[PDB]
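Okay, structure first, notes after.
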Amino acid sequence: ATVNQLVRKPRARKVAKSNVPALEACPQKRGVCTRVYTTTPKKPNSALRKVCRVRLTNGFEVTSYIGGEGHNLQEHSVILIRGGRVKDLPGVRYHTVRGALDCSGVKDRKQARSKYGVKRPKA
Amino acid sequence: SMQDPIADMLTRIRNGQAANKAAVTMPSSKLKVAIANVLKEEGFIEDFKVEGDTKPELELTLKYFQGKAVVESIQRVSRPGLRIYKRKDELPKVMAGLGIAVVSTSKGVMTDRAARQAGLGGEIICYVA
Amino acid sequence: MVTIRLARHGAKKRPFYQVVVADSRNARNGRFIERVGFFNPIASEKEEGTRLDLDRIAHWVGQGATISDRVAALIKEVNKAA
Amino acid sequence: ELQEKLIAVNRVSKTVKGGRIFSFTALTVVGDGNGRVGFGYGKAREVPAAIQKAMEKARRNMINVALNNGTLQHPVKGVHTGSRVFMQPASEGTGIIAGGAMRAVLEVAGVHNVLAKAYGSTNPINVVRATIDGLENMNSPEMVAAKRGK
Amino acid sequence: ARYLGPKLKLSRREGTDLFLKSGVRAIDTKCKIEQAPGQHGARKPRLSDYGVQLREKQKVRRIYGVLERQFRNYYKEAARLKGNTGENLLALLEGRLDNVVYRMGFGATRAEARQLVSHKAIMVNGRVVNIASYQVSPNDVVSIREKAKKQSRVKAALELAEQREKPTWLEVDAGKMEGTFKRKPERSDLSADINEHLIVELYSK
Amino acid sequence: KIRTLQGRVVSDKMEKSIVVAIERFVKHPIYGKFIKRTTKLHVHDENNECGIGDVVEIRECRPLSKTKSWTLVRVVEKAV
RNA sequence: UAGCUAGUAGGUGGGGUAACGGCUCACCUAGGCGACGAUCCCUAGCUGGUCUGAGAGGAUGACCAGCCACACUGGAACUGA
RNA sequence: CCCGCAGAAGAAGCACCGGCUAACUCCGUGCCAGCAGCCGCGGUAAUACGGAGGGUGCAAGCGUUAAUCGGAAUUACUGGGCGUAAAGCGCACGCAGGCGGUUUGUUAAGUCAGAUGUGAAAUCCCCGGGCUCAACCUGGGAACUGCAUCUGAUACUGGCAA
């Protein structure tokens, strides 16, 4: 383009909306949850995986996946949600926070201790 | 139509050097003879002469040392659609000073060195490789 | 009025004053007209640590400025010589 | 004493009547630490012979690159297919800063410190032969002096 | 801070004597060089370029016994100053008080020199210096006061010091367990095994 | 001396009133082009001397009324 | 978001401020602004600076300084330099 | 801030170990149990899932997330592109803009020199001083990349006349 074309109209950027409609740029929010679900993965892999529907305090309704081994979620309880996305299941972009608020942690886990939030035993 | 003869003959000599000619002819003006004088005093071009009153024209002859060309590259930086202006400290140094720079000053047109001792800023014309 | 007060910029438990001329109604270390000198109370064995410009303060006294107690004691301590 | 070091290796295919049959390729540069740097390219059936073939071919295509002290004199451009490169002297210290598939071809040149960067798409096969002709276009003051007065 | 671990593990992993054990029998039964310990450390690991850089960084770090943050700040300060970066960095690092105490010969290892420093022993200009992060200035005096006098450790260190090379830039002195600092050391006296440029290249990325 | 500016009328005539425009070049802070720029004032005059399309200088003085703050002194190249 | 604006733009005479002033009054003119963004919408206190990148830039206005506008929500003044 | 008391005492954790990127071997699980940032790994031999032992990286902290910039030459001025990929209007004709052949004088509006006033003090930077060492405080310079005025320069554009 020629310089006159620019001085008539300047260049334009891109908004580049982020991947978390959780919005407010807040790393963590609080929810209450309503029920439990199980759904199939996509083609190249196959297993059973657990998710949960959470009705947050901002009027948003989204679904999050729960990692670990076992859980203690039923009806409604208080949990913490963090950033992060799971590529396999279509329609989830959140990870539940293990070992905080009300979601109790896993048992007997020894390797990779910091995550999953369980009181590390000192013997 | 035509918009500048300076760019015209710069492109002409570049293409002539690429095609390995031995003579280039074009009309003349005071700017042309000044730039030719500066180039010849520095020494890229062999010589020049003028002929004709009502339709004067310049002739230039290139320079060779062996089959490799002499004028490695050339381009006009100032365009009739966008001007350039530099202060004393802003005289650019092409090819780490090995090359040359054509600068038009208040005192005339000469190399960058004499401008630097005189400390005068002006116009920029072309970059010779 | 126009006075000559004291202001500090140092860290906790380590003062460092800077004598300046400004308006009375302004803050301690805020708006000021022009710096004139400084004083280091803790100082050291080194001689430096007490400097002024007698000419400017004399001019400002001529224009109609007043004095504070500590700066008056300081200038009496130094004067041209004491 | 000449130096050498491998850069990259990848497989290929032909898919002839019987099925897929393979072969391997290698590329390598050489340098004596005082300029005069060449490269080679060859293919064979297996890597241990492929690299040997590449090095034995690499002895050809020698060039002569003028160098000053330990840094390159003036900037230089470089273009080939779809890659472009840029360089700058940065006299003394700071070592050499450059991207991958560029470090080796410059290291054997002998320059102990230089600054450079490559533009655009950077497939290693194409990127090489850019610094080569870039150094080929280089001029030291003696040559330009040899055509203009002093 | 500090390492607090099996030192000859790092001696063996690096592949060269690290001068940090410094007993009397500098012999094989102590070290077992060229083994690269671990479960199956017999295999050659086939280093890469980034690995070469990281290993050189590990060697230069462990030889002088410093953590990471201090090293990064040292590189920042060296780069801020004029001159060649690598030489300036090595000269600056050499100026640490513990290293010059070791080189004077009042100890056997740098770590024990630091242990001596932390316990209020070394004396300068009639004033105690607490920490080994101190930067010595040209034309200073290193000495030991009388509370730590008549300790056999310093005498043993003095007797075993002569096996080293007594670098020229520092005056050996030690007539009455007293010394004198002269100038900044330079490239010639220090060992030529260390390659400066690679560290700078590593921090480039 | 007294600072002056030169301009062009391109304006109708009200009772004791003319409008003037002035021009000057400037370097754009981004692309380096030079673009003509126009600014407009209002003037208080005397005896409505000047006419449409005339060149006249100008100088500032006490604020007289809204948007009217400059007055003329001399007129050069009378008429077109 | 393509046409906006009658005390709106000037002139004449009176009244009111520390002062010129459509700051207000009665009269006379037919105007002023606009494609080099007027009116109309959504959004935000402003700088010396901060962060980042080599430079150009790009986001940002936390504390410390400078200046404004604000004291339950709407409006008025007395008093006083 | 100094001096004294037998006193090893009273004091270490956290991530990773297929490529991207430093470091691996066994047992149980066997499209279930599951990870993961992209490639994707799992049906009987997992250097990737769970445990054990070793190794690797930082350490009074280490990992997870949220947000900003460069890697991005992926808004391209310094620095990209339009035959076949995302891209040249269906063609012409012409206001408002932009840009102009070639001489000689005049003009100082651009532009360039020199001086003056002004770009508040912190910070950013360089020589030093001090708190046992730095963090932190501070003495003197440096730039605030402009603005305005005055005196000069006339090769190139600009206004003038032939």
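The chains in the structure tokens are called A, B, ... from first to last as shown; in each chain the residues are counted from 1, and the ligands are counted from 1 in the order shown.
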
Using DSSP secondary structure from the backbone, list all strand (DSSP E) positions within range 30-203 of chain E, as a VMD selection string.
chain E and resid 122 to 124 127 to 128 143 to 144

Store the residues of this selection in a file with C-alpha atoms, as an mmCIF file, in the first residue's frame.
```cif
data_model
loop_
_atom_site.group_PDB
_atom_site.id
_atom_site.type_symbol
_atom_site.label_atom_id
_atom_site.label_comp_id
_atom_site.auth_asym_id
_atom_site.auth_seq_id
_atom_site.Cartn_x
_atom_site.Cartn_y
_atom_site.Cartn_z
ATOM 1 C CA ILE E 122 38.953 -13.003 59.199
ATOM 2 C CA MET E 123 40.101 -9.451 59.914
ATOM 3 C CA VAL E 124 40.592 -6.374 57.712
ATOM 4 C CA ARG E 127 37.415 -4.328 61.615
ATOM 5 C CA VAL E 128 35.653 -7.689 61.516
ATOM 6 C CA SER E 143 44.678 -11.112 58.607
ATOM 7 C CA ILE E 144 43.428 -13.258 61.481
#
```

Using only C-alpha atoms and a distance of at most 9 Å, pull out the residues of chain F that contact chain B, as a ChimeraX atom specification.
/F:32-34

Can I get the selection written as a PDB file, in the first residue's frame, with C-alpha atoms?
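Result saved to selection_37.pdb:
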```pdb
ATOM      1  CA  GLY F  32       6.663  11.056   7.283  1.00  0.00           C
ATOM      2  CA  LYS F  33       4.304  12.588   4.724  1.00  0.00           C
ATOM      3  CA  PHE F  34       3.575  16.310   4.565  1.00  0.00           C
TER       4      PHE F  34
END
```

Between CA of residue 75 in chain D and CA of residue 138 in chain D lies a distance of 8.8 Å

Pick out the residues sitting within 12 Å of residue 39 in chain H, and hand them over as a list in words; count only C-alpha atoms (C1' of nucleotides), and ignore anything fewer than 3 positions along from it in its own chain.
residues 18, 19, 20 and 36 of chain H

How would the residues just picked look written out with C-alpha atoms (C1' of nucleotides) as a PDB file, in the first residue's frame?
```
ATOM      1  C1'   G H  18       8.838 -40.014  25.021  1.00  0.00           C
ATOM      2  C1'   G H  19       9.979 -35.468  21.299  1.00  0.00           C
ATOM      3  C1'   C H  20       9.599 -29.753  22.023  1.00  0.00           C
ATOM      4  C1'   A H  36      -1.885 -34.255  28.922  1.00  0.00           C
TER       5        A H  36
END
```

Kindly provide, as a list in words, the residues of chain G having any atom no farther than 12 Å from an atom of chain C, counting only C-alpha atoms (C1' of nucleotides).
residues 64, 65, 66 and 67 of chain G

So which bits of chain C end up alpha helix (DSSP H) when you DSSP the backbone, as number ranges by chain?
C: 54-63, 69-78

Residues just named, written with N, CA and C atoms as a PDB file, in the first residue's frame:
```
ATOM      1  N   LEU C  54      24.973  30.899  50.848  1.00  0.00           N
ATOM      2  CA  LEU C  54      24.648  32.108  51.598  1.00  0.00           C
ATOM      3  C   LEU C  54      24.020  33.173  50.709  1.00  0.00           C
ATOM      4  N   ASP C  55      24.459  33.261  49.454  1.00  0.00           N
ATOM      5  CA  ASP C  55      23.963  34.310  48.569  1.00  0.00           C
ATOM      6  C   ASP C  55      22.457  34.198  48.358  1.00  0.00           C
ATOM      7  N   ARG C  56      21.971  32.991  48.067  1.00  0.00           N
ATOM      8  CA  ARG C  56      20.556  32.845  47.748  1.00  0.00           C
ATOM      9  C   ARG C  56      19.682  33.076  48.971  1.00  0.00           C
ATOM     10  N   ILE C  57      20.096  32.575  50.133  1.00  0.00           N
ATOM     11  CA  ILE C  57      19.293  32.803  51.327  1.00  0.00           C
ATOM     12  C   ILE C  57      19.307  34.276  51.707  1.00  0.00           C
ATOM     13  N   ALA C  58      20.437  34.958  51.512  1.00  0.00           N
ATOM     14  CA  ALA C  58      20.457  36.395  51.762  1.00  0.00           C
ATOM     15  C   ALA C  58      19.498  37.124  50.831  1.00  0.00           C
ATOM     16  N   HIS C  59      19.491  36.749  49.552  1.00  0.00           N
ATOM     17  CA  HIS C  59      18.562  37.367  48.614  1.00  0.00           C
ATOM     18  C   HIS C  59      17.120  37.123  49.032  1.00  0.00           C
ATOM     19  N   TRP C  60      16.811  35.902  49.467  1.00  0.00           N
ATOM     20  CA  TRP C  60      15.440  35.588  49.852  1.00  0.00           C
ATOM     21  C   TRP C  60      15.038  36.297  51.136  1.00  0.00           C
ATOM     22  N   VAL C  61      15.983  36.508  52.052  1.00  0.00           N
ATOM     23  CA  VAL C  61      15.702  37.350  53.210  1.00  0.00           C
ATOM     24  C   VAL C  61      15.391  38.767  52.758  1.00  0.00           C
ATOM     25  N   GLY C  62      16.147  39.268  51.780  1.00  0.00           N
ATOM     26  CA  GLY C  62      15.868  40.593  51.250  1.00  0.00           C
ATOM     27  C   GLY C  62      14.486  40.704  50.631  1.00  0.00           C
ATOM     28  N   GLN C  63      14.054  39.662  49.919  1.00  0.00           N
ATOM     29  CA  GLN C  63      12.729  39.685  49.311  1.00  0.00           C
ATOM     30  C   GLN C  63      11.613  39.632  50.345  1.00  0.00           C
ATOM     31  N   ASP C  69      13.548  27.810  63.380  1.00  0.00           N
ATOM     32  CA  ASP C  69      14.464  27.752  64.514  1.00  0.00           C
ATOM     33  C   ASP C  69      15.683  26.897  64.205  1.00  0.00           C
ATOM     34  N   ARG C  70      15.466  25.692  63.683  1.00  0.00           N
ATOM     35  CA  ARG C  70      16.592  24.803  63.436  1.00  0.00           C
ATOM     36  C   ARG C  70      17.521  25.366  62.374  1.00  0.00           C
ATOM     37  N   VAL C  71      16.964  25.923  61.300  1.00  0.00           N
ATOM     38  CA  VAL C  71      17.826  26.489  60.274  1.00  0.00           C
ATOM     39  C   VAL C  71      18.567  27.708  60.808  1.00  0.00           C
ATOM     40  N   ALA C  72      17.933  28.490  61.686  1.00  0.00           N
ATOM     41  CA  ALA C  72      18.631  29.616  62.297  1.00  0.00           C
ATOM     42  C   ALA C  72      19.796  29.142  63.152  1.00  0.00           C
ATOM     43  N   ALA C  73      19.582  28.094  63.947  1.00  0.00           N
ATOM     44  CA  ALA C  73      20.675  27.548  64.742  1.00  0.00           C
ATOM     45  C   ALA C  73      21.781  27.018  63.844  1.00  0.00           C
ATOM     46  N   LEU C  74      21.410  26.389  62.733  1.00  0.00           N
ATOM     47  CA  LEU C  74      22.404  25.871  61.805  1.00  0.00           C
ATOM     48  C   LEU C  74      23.255  26.995  61.225  1.00  0.00           C
ATOM     49  N   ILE C  75      22.606  28.048  60.726  1.00  0.00           N
ATOM     50  CA  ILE C  75      23.354  29.135  60.104  1.00  0.00           C
ATOM     51  C   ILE C  75      24.201  29.865  61.136  1.00  0.00           C
ATOM     52  N   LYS C  76      23.713  29.990  62.372  1.00  0.00           N
ATOM     53  CA  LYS C  76      24.552  30.532  63.434  1.00  0.00           C
ATOM     54  C   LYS C  76      25.751  29.629  63.689  1.00  0.00           C
ATOM     55  N   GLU C  77      25.553  28.313  63.587  1.00  0.00           N
ATOM     56  CA  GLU C  77      26.653  27.377  63.782  1.00  0.00           C
ATOM     57  C   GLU C  77      27.720  27.536  62.710  1.00  0.00           C
ATOM     58  N   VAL C  78      27.317  27.758  61.465  1.00  0.00           N
ATOM     59  CA  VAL C  78      28.272  27.854  60.365  1.00  0.00           C
ATOM     60  C   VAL C  78      28.632  29.301  60.045  1.00  0.00           C
TER      61      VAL C  78
END
```

Residue hits in chain A, query chain G, radius 12 Å, only C-alpha atoms (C1' of nucleotides), as JSON, numbers by chain:
{"A": [7, 8, 13]}

Determine which residues of chain A sit within 12 Å of chain F, taking into account only C-alpha atoms, and present them as a short mmCIF file (atom, residue, chain, number, x, y, z; two decimals) with N, CA, C and O atoms, in the first residue's frame.
```cif
data_model
loop_
_atom_site.label_atom_id
_atom_site.label_comp_id
_atom_site.auth_asym_id
_atom_site.auth_seq_id
_atom_site.Cartn_x
_atom_site.Cartn_y
_atom_site.Cartn_z
N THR A 2 0.32 2.33 -0.53
CA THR A 2 1.03 3.60 -0.59
C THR A 2 0.71 4.45 0.63
O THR A 2 -0.35 4.33 1.24
N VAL A 3 1.65 5.35 0.97
CA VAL A 3 1.57 6.08 2.22
C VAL A 3 0.29 6.91 2.31
O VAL A 3 -0.29 7.05 3.39
N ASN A 4 -0.18 7.44 1.18
CA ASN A 4 -1.41 8.21 1.20
C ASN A 4 -2.58 7.35 1.64
O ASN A 4 -3.45 7.81 2.40
N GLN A 5 -2.62 6.10 1.20
CA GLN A 5 -3.69 5.20 1.61
C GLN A 5 -3.69 5.00 3.12
O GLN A 5 -4.76 4.85 3.72
N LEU A 6 -2.52 4.98 3.74
CA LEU A 6 -2.47 4.85 5.19
C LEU A 6 -2.91 6.14 5.89
O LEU A 6 -3.70 6.09 6.84
N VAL A 7 -2.43 7.29 5.43
CA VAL A 7 -2.82 8.52 6.11
C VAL A 7 -4.30 8.83 5.91
O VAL A 7 -4.87 9.62 6.67
N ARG A 8 -4.94 8.24 4.91
CA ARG A 8 -6.39 8.33 4.83
C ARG A 8 -7.05 7.42 5.86
O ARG A 8 -8.06 7.79 6.47
N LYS A 9 -6.50 6.22 6.06
CA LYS A 9 -7.07 5.27 7.02
C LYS A 9 -5.97 4.44 7.65
O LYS A 9 -5.24 3.73 6.94
N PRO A 10 -5.81 4.50 8.96
CA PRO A 10 -4.70 3.79 9.61
C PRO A 10 -4.97 2.30 9.71
O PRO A 10 -6.08 1.82 9.48
N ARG A 11 -3.92 1.57 10.08
CA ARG A 11 -4.02 0.13 10.24
C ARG A 11 -4.91 -0.21 11.43
O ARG A 11 -5.19 0.62 12.29
#
```
